[PDB]
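A.B. asks: One structure follows; several queries about it will come next.
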Amino acid sequence: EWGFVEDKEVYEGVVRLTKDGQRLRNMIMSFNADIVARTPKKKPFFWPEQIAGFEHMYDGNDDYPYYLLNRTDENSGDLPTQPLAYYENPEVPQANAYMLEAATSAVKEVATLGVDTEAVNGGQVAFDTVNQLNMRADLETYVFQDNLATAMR
Amino acid sequence: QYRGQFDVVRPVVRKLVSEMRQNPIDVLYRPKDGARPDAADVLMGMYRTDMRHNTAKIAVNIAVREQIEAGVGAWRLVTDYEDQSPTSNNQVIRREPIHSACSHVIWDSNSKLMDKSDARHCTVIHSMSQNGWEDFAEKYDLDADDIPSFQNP
Amino acid sequence: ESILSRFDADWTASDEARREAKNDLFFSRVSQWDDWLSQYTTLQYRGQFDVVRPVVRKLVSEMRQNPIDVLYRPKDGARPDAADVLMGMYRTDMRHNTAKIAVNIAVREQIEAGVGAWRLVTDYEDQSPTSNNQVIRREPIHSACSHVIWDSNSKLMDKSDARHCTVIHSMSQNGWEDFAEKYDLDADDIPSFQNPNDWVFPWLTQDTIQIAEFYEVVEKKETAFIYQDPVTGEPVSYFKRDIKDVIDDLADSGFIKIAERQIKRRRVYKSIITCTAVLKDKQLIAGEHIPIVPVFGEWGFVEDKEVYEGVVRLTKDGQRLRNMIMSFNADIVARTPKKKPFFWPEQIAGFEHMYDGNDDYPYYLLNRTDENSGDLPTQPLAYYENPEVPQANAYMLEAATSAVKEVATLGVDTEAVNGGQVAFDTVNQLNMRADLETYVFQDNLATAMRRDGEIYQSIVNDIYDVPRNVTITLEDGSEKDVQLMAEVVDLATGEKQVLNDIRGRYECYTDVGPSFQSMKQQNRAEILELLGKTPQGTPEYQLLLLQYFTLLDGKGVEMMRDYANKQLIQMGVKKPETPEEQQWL
Amino acid sequence: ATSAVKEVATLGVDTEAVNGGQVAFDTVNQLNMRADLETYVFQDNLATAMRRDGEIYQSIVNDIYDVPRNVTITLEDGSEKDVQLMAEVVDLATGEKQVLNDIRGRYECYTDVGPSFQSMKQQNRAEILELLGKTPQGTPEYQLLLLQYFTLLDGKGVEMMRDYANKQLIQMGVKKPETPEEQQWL
Amino acid sequence: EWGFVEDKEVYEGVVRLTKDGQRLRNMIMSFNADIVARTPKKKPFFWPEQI
Amino acid sequence: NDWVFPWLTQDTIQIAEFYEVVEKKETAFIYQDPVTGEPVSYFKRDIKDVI
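Taken in order, these protein sequences are the chains called A, B, C, D, E and F.
Position 10 (the first sequence) corresponds to 315 in the entry's author numbering; numbering is contiguous.
Position 125 (the second sequence) corresponds to 176 in the entry's author numbering; numbering is contiguous.
Position 64 (the third sequence) corresponds to 72 in the entry's author numbering; numbering is contiguous.
Position 88 (the fourth sequence) corresponds to 495 in the entry's author numbering; numbering is contiguous.
Position 6 (the fifth sequence) corresponds to 311 in the entry's author numbering; numbering is contiguous.
Position 17 (the sixth sequence) corresponds to 221 in the entry's author numbering; numbering is contiguous.
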């Protein structure tokens, strides 16, 4: 089942509809599986002197006190500085909502074929009419070419 | 990185494969009144006295899936005229569809529908099958070094 | 290089692991052990995820639709053997396992994993000769196809090619005493195979000592009726034909040859495949009927071998995120020493015993008295964090809700038909009844003869040669009782082992198809409605008199067989099997 | 996390009525019964016979008859003569054999595997999971029901199938009870 | 009647999902029971000059 | 017994008796020489079909 105008017969098909259309799914893969390399590396930064200590810090030994801090700082005076923001966030979760919904809608479209309550001259479709008989490609029982016959004895 | 999880498009056509239940469409050789019905003595045994237990009814479906997947072809036959101990009329024909091997096959002849005589037989090609190679025993067996050269896909 | 045959052509298969291990072997493992492969730095405390199994099991149990019970199939073409007394073909079949249930443990994994059948001892195992019938069949055991890659496969189940391909079980030890039933073998067959250890040998199992048994391998036998000519003395007189007639008969003219199925023979030299090792010294076992039926499925791929079907890979990386959220959550509670109570403990931790009793109203630790700094307030009521509550992963997986389950997709419909029976019913019924190789007419051991013709009565045939007259039953008689009044004791035609071909030897009728047939199934199975198809009538009830008996094989109810059959009189309905009731005058 | 526990406890989720929930685990049952019988009845070496399969002493009653002269038969009339278990002439061929050995009697009588119900007039009376009253009726369908609701066989008062049927109604003859002797007159 | 892998094998139970299937419910247990003893007296404190 | 574990009970007091382990019984009466050598005149059977 192929339609054509140009000498290369082009298919007519279903699954090729949404191929790149639903790459909208891979945009969750383009964030958490790929550009997640932005990894938080969250540092509370206020008074650990210089950040490089001995290995005890991130191994979590039974010795509790985390104090690294002592301050006599650079000369400016009467002014703060606020690190608060830190690193990054998840990406603006709005505009991505309807894309997947449209793809899935086009998907529930292909689940509608000859839809009936039930029965009432049921669900025969194009593919049945074309696929019904290879028995009629097997139609041959000496139907035109007759050779074999009973011939009692 | 980590890819090959996508898939998930399948189920849309999984509804289209399952209609096979009604694919049989049972009907058996309705006679006419213009021929001789008195010769019908053998007719009542057509599905019986020759081929009775028949697996090939599933072989239709093997073509049914690949159909929506891709084009549907046809393949080799072993003559149904067989065995020993001759018997009565006993004729029905068979064909068992295989899976694909039509991929790079290129046909330009007619390729619409064939009820009647038409083009006889033209082109059959398979790439990297095995099948009846070492089974040459009963056909010709002279040399068979011919083996044309193609650009393999 | 002639004798060696296919193994050198089969080395490209078993050379090394390549891609047919990592990709394929996921077929049967998904239900077991774990998922992740390449991703670096995987962490601990969850060692068995499952999160596959719920997919397959229930739907594997959704294939149970296949009783398909219709039996004792009568032959409609001509007389089947023995008729009324032969009903017992299914005798030993229905009692234990086989097609009724054991197909459960037999088929097992097909769509999820590789499928097939496994070993057997001899063929027909029952000892004692007797009058009854017998049916015995396969009893495979354990899951030996994982690493198996066996190639001769281009086609189908029923193919006429080399039968059952090749037979090897991966490793067998108990079997050491199982094949001990042969004659005094040196017991060391010492095969050398390479099962890749990557030279560090992670697993230590050393099992060896494997054999293979057969005699006729790919026995090639065709019609080939006397095709050759004596003139010119051509070599290679090996016979060939397609259709018997062609040239028709040159016989009555000339060319008398007349040799029938006696050949001093050469056979194909593929032998117990190996380079330098062969034995082939006087062993004979039956012939290859081989009722053992390994089954092999069908799905899409270029050609030759395949990466076969599985449905679970949609979820595998939907699984990974349920495992990775424990990488984003359970770890940070361990990364947090929970609260560090320092706002101006200038003296750090002194007086440790103030942590003894953990009450101590006078906490202190606080004085100021320091260098020049200035007042710089701090508000870590949020501590220092950029907290992200998992809002993204939730919806990322909400589109994957049904797709992370993605199964049990079948059997969805209102009611009745258009239901949950897909090709797998007819494909696994192809795992059941579709084998053409078993059939009936096979003649090997003595199951073959029924009456046998007695192999005697020729010597007694002289009675019809007696002179004077020949007369049928006369002169009454009284004590006769049972039938078979015997003087001539003569039959016709002949009785032998088999019936030849397509006469009398047929096996099983119809195909996959209706569950209703011609024997008295009306009875107790109707789910919704009941009756109204055949209401009352005056002849109707004398029609339904003989119908409704459900007996099959009963005991107390058997007087049915009497009926009115004493005197046929005005009814004379069935004209039945046994003359013994009806023959009195 | 709740969605994990819902998965494992589900076996054959179904609505109601037909299309039941039988699993392979149900078949452990007759794997256990077969784990009994074929470990017992598949070997009978000694005791099947009650006393040595008749003790083979009684054969001595054969003493005078096989002599070629005439043998006494044809009881003159008789009324109460019909009672079971008497021995005078004792016309019988050979005798029963113990264990298994040569001829038939070795291995017999096992269950018919299938749905829940059985038949000793049972899946006749099954009904249950599919509606009710599936029995059709007709005018002489009550001669099928001259058996009526009789069900449990050997019971004391369901025994009506025998005594009530034992004499006067024998003009019918559809019955076949277990009763030993009868005959005699009216 | 179960599946198989090799030889005879570690037994597959329905409890293989239930091992950690309870998961982190227990984490809400972490904040309450005995760990108030770890916390030294939630201190309501201000302007307490009593020296 | 993992020798570090405090658990008390050690002694057992009970046993069992083997019977058949790889013990082969054979009948195998047929098919060997009547008179001349009688070497290995008794051995197991393969096919039951016919001589």
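Idealized CB from N, CA, C, for every residue including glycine.
Going by Cα to Cα distance, which pick from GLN450/D, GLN544/D and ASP433/D is closest to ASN531/C?
C.D. replies: The sequence position of residue 531/C within the third sequence is 523, counting from 1. Comparing Cα-Cα distances from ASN531/C to each of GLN450/D, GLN544/D and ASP433/D, the minimum goes to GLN544/D.
A.B. asks: Taking 8 angstroms as the CB-CB limit, is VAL415/D close to chain C?
C.D. replies: Here residue 415/D refers to the residue found at position 8 when the fourth sequence is read from its first residue. Closer than 8 angstroms to some Cβ of chain C, the Cβ of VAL415/D qualifies, so yes.
A.B. asks: Using the Cβ count rule (16 or more neighbours within 10 Å means buried), how would you classify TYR514/C?
C.D. replies: Counting from 1 along the third sequence, the entry for residue 514/C is found at position 506. The residue is buried, with at least 16 neighbouring Cβ atoms inside 10 Å.
A.B. asks: Taking only beta-carbon positions, decide if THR377/A is within less than 8 angstroms of chain C.
C.D. replies: What you label residue 377/A is simply residue 72 of the first sequence in a count that begins at 1. With 8 angstroms as the cut-off, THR377/A counts as an interface residue toward chain C.
A.B. asks: Which class does residue 595/C belong to by DSSP, given the choice of helix, strand or coil?
C.D. replies: What the structure shows of chain C is the stretch from 9 to 593, and residue 595/C is not part of that stretch, so it cannot be assessed.
A.B. asks: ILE356/C touches chain A at which residues, Cβ-Cβ below 7 angstroms?
C.D. replies: For this step, residue 356/C is matched to residue 348 along the third sequence. Result: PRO370 and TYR372.
A.B. asks: For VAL254/F, which option in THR546/C, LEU538/C, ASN573/C and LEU453/C has the closest C-alpha, if you only look at C-alpha atoms?
C.D. replies: Against the sixth sequence, residue 254/F aligns to sequence position 50. Of the listed residues, the one whose Cα sits closest to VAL254/F is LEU453/C.
A.B. asks: So what does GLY326/E bridge to, in DSSP terms?
C.D. replies: Taking the first residue of the fifth sequence as 1, we reach residue 326/E at position 21. The partner list for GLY326/E (beta bridge, DSSP) is empty, contrary to what the question assumes.
A.B. asks: When you compare the stretch 88-96 of chain C with the stretch 114-121 of chain C, are there three or more beta-carbon pairs, one atom per stretch, that lie closer than 8 angstroms?
C.D. replies: No contact exists between the stretch 88-96 of chain C and the stretch 114-121 of chain C.
A.B. asks: Under a three-way DSSP split, which group does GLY183/C fall into?
C.D. replies: Residue mapping note: residue 183/C aligns to position 175 of the third sequence, counting from 1. If DSSP states are grouped into helix, strand and coil, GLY183/C belongs with the helices.
A.B. asks: Considering only the alpha carbon of each residue, which of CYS153/B, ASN182/B and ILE144/B lies closest to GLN450/A?
C.D. replies: Taking the first sequence and counting its residues from 1, the one referred to as residue 450/A is at position 145. It is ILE144/B whose Cα lies nearest to the Cα of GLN450/A.
A.B. asks: What residues from chain E crowd round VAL412/D, counting only those whose CB sits closer than 9 angstroms?
C.D. replies: The residue you call residue 412/D lines up with position 5 of the fourth sequence. Within chain E, the residues near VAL412/D are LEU322, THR323, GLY326 and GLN327.
A.B. asks: Of the choices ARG171/B, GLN135/B, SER160/B and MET179/B, whose alpha-carbon is the least far from that of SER154/B?
C.D. replies: Position 103 of the second sequence, counted from the first residue, corresponds to residue 154/B. Checked all of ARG171/B, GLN135/B, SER160/B and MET179/B; the closest Cα to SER154/B is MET179/B.
A.B. asks: In angstroms, rounded to a whole number, what distance separates the CA positions of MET579/C and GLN529/C?
C.D. replies: On the third sequence, position 571 is the one that residue 579/C refers to. On the third sequence, position 521 is the one that residue 529/C refers to. Straight-line Cα distance between these residues: approximately 24 angstroms.
A.B. asks: Under a three-way DSSP split, which group does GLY427/D fall into?
C.D. replies: Counted from its first residue, the fourth sequence places residue 427/D at position 20. Looking at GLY427/D - three-state DSSP - the assignment turns out to be coil, as it is neither helix nor strand.
A.B. asks: Would a check of beta-carbon distances place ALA442/D closer than 8 angstroms to chain E?
C.D. replies: Here residue 442/D is taken as the residue at index 35 of the fourth sequence, counted from 1. So no, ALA442/D is outside the interface.
A.B. asks: Taking C-beta pairs closer than 7 angstroms, name the residues in chain A that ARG171/B reaches, listed in chain order.
C.D. replies: Numbered from its first residue, the second sequence carries residue 171/B at position 120. Result: empty, since nearest Cβ-Cβ is about 13 angstroms, beyond 7 angstroms.
A.B. asks: Is the CB-CB distance between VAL581/D and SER69/C below 8 angstroms?
C.D. replies: Here residue 581/D refers to the residue found at position 174 when the fourth sequence is read from its first residue. Here residue 69/C refers to the residue found at position 61 when the third sequence is read from its first residue. No, the pair does not count as a contact, with Cβ atoms beyond the cut-off.
A.B. asks: Measuring alpha carbon to alpha carbon, tell me which residue in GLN437/A, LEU438/A, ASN426/A and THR409/A is nearest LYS324/A.
C.D. replies: Locating residue 324/A in the first sequence gives position 19, counting from the first residue. Of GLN437/A, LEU438/A, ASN426/A and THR409/A, the residue nearest in Cα terms is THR409/A.
A.B. asks: Between the stretch 375-390 of chain C and the stretch 284-298 of chain C, do three or more beta carbon pairs fall short of 8 angstroms?
C.D. replies: Short answer: they don't touch.
A.B. asks: Between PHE233/C and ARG249/C, how many whole angstroms is the CB-CB distance? I'm expecting something under 8 angstroms.
C.D. replies: As a first step, residue 233/C is located in the third sequence; it is residue number 225 there, counting from the start. As a first step, residue 249/C is located in the third sequence; it is residue number 241 there, counting from the start. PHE233/C to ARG249/C, Cβ: 6 angstroms. Contact.
A.B. asks: Mapping the DSSP letters down to three states, classify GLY241/C as helix, strand or coil.
C.D. replies: Counting from one through the third sequence, the residue named residue 241/C turns up at place 233. Helix.
A.B. asks: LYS563/D and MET567/C - do their beta-carbons sit closer together than 8 angstroms?
C.D. replies: Walking along the third sequence from the start, residue 567/C turns up at place 559. Walking along the fourth sequence from the start, residue 563/D turns up at place 156. Not closer than 8 angstroms, so no.
A.B. asks: Relative to chain E, which residues along the stretch 426-458 of chain D have a C-beta separation below 9 angstroms, given in chain order?
C.D. replies: Cβ contacts with chain E come from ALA431, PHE432, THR434, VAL435 and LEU438.
A.B. asks: Mind checking the stretch 134-149 of chain B against chain C and listing, in chain order, the residues whose C-beta falls within less than 7 angstroms of any C-beta there?
C.D. replies: So the list reads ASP134, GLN135, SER136, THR138, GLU147 and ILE149, given in the order they occur along the chain.
A.B. asks: So, for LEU444/C: in the same chain, excluding its five sequence neighbours on each side, which residues have a beta-carbon less than 7 angstroms away from its beta-carbon?
C.D. replies: Looking up residue 444/C in the third sequence gives position 436. Contacts found: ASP166.
A.B. asks: Please classify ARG459/D as buried or exposed, where buried requires at least 16 other C-beta atoms within 10 Å of its C-beta.
C.D. replies: Position 52 of the fourth sequence, counting from 1, holds the residue named residue 459/D. Classification for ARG459/D: exposed.
A.B. asks: Is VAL315/A helix, strand or coil when you go by DSSP?
C.D. replies: For the purposes of this step, residue 315/A is taken as residue 10 along the first sequence, with counting starting at 1. Note: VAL315/A maps to strand in three-state DSSP.
A.B. asks: Any idea which residues DSSP pairs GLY55/B with across the strands?
C.D. replies: For this step, residue 55/B is matched to residue 4 along the second sequence. Its beta-bridge partners do not exist; DSSP assigns none.
A.B. asks: Any contact between the stretch 385-396 of chain C and the stretch 348-358 of chain A? By contact I mean 3 or more CB pairs, one from each, below 8 angstroms.
C.D. replies: Touching, per the Cβ criterion.
A.B. asks: Spell out whether any CB of chain B is found under 8 angstroms from the CB atom of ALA424/A.
C.D. replies: Indexing the first sequence from 1 puts residue 424/A at position 119. Not an interface residue.
A.B. asks: Among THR20/C, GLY55/C, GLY124/C and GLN550/C, which one has its Cα closest to the Cα of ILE300/C?
C.D. replies: To locate residue 300/C, count along the third sequence from 1; it is residue 292. The candidate whose alpha carbon is nearest that of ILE300/C is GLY124/C.
A.B. asks: Measuring CB to CB, does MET404/C end up less than 8 angstroms from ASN337/A?
C.D. replies: In the third sequence, counting from the first residue as 1, residue 404/C sits at position 396. In the first sequence, counting from the first residue as 1, residue 337/A sits at position 32. Yes. Within cutoff.
A.B. asks: Counting C-beta neighbours from all protein chains within 10 Å, is the total for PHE35/C 16 or more, i.e. buried, or is it exposed?
C.D. replies: What you label residue 35/C is simply residue 27 of the third sequence in a count that begins at 1. Label assigned to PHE35/C: buried.
A.B. asks: Judging by CA-CA distance, which residue of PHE15/C, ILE480/C, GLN555/C and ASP42/C is the nearest neighbour of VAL496/C?
C.D. replies: Residue mapping note: residue 496/C aligns to position 488 of the third sequence, counting from 1. Nearest of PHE15/C, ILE480/C, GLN555/C and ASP42/C to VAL496/C, Cα basis: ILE480/C.
A.B. asks: What does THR546/D reach in chain C if we use C-beta pairs closer than 7 angstroms?
C.D. replies: Within the fourth sequence, the letter at position 139 stands for residue 546/D. Ordered by position in chain C, the residues that pass the 7 angstroms Cβ test against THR546/D are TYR549.
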